[PDB]
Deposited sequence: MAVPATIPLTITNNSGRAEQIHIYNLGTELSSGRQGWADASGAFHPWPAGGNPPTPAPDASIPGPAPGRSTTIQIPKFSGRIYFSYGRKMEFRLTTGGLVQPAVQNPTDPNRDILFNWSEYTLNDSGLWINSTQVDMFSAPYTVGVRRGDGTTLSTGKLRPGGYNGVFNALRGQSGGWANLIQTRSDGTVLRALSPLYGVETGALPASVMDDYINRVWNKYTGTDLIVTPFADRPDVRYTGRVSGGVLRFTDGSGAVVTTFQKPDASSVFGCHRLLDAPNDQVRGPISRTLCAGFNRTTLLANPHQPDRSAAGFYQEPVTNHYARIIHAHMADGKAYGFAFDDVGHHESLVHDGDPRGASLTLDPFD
């Protein structure tokens, strides 16, 4: 893999605003945090602080409507951000770049229309994604041109899919409507993922309690079988609830990890009581089963197809709705949507180039 590959950025947004691009992350060779310019040259961030202090302007001018621009991506792990009209405000803490947190009303980027793609380019190739783990906002498609010349892309919404997602969220009772952030003059900005919905009070900590209790009851009287390694189908862990705790045993008979009854943040964020650091692979499987609400219906996890996903009246509706509106049915609707390979990521080991397309607000 060469030192850089070209990323072609195309503006199909249909919008008139100028575009600002940021390539922010960590340099592979040095491990230092900073940004890369259009030529691929790396610029380490200056030292930050506690409290965090302002970052220098790392913007690169993006493509005008109907046109593309090219930047060179170096061996780097990080994010390509794009914003419409306004520049983003980034800050630097002791340890480096502060991530935006627009679930906070006071975040300096709260009112800016922006999104990002997550990528890694290293000696083993390129990984680039379309993600909705934190929010659903300005749409985009990412792609890779593989060593053999073939292309893969993902992230593309169906026609009418952008407004389709918002309309479906607004109509989902229970608090999902309060996930939507809307310029007080009505125009939609983004919808927060339900993890951040719990944080903001849009959804209650108890929203999944009825379903979770049903799962705990079921697996008090029968085994939950988890085979969490896609390439090692014979490695199985057996879960059973006793004393209110879901306990997993391995082939040898040892209890290897235990789970307390989870809450909404734990499920929607795949963390806390569902932390995934042998526990990690098991937890990741359970996380996906709770978000897709397949745990009750299928005692042999993970699921082998998506046919039974999202059928319960209370489920991760944000994820359900986004997957339904993606052209390829894939999305990063929650952190472990890669369970069963349903996530919007493309990869190649010997990439020739990559693409980011800013899509229309359709």
In sequence order, which parts of the deposited sequence are missing C-alpha coordinates? 1-2, 280-282
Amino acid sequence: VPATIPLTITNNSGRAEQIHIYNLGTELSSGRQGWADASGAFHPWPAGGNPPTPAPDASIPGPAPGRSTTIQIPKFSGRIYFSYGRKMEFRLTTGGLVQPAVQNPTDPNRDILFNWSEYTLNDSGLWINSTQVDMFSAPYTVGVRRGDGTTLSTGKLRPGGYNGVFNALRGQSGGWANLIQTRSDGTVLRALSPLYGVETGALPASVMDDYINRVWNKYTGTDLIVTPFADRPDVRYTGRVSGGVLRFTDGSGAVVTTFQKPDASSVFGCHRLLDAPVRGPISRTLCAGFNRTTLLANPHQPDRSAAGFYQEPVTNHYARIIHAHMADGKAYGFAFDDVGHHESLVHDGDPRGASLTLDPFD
From here on, numbers count along this sequence of modelled residues.
Decide which of the stretches 314-322 and 43-51 has the higher mean C-alpha B-factor, going by the entry. 43-51
As stated in the PDB record, which stretch has the larger average Cα B-factor, 154-162 or 215-223? 215-223
Which one, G62, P302, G34, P65, has the peak C-alpha temperature factor per the PDB entry? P65
Among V144, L286, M208, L113, where is the Cα temperature factor highest, going by the PDB entry? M208
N291, C-alpha B-factor rank within chain (lowest, middle or highest third): lowest
Chain thirds of CA B-factor: placement of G349: middle
Here the Cα B-factor of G174, set against its chain, lands in the third termed highest
Using the B-factor values recorded in the entry, state whether the Cα atom of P139 falls in the lowest, middle or highest third among the modelled residues of its chain. lowest
Grab the CA temperature factor for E118 from the record and place it in the lowest, middle or highest third of its chain. lowest
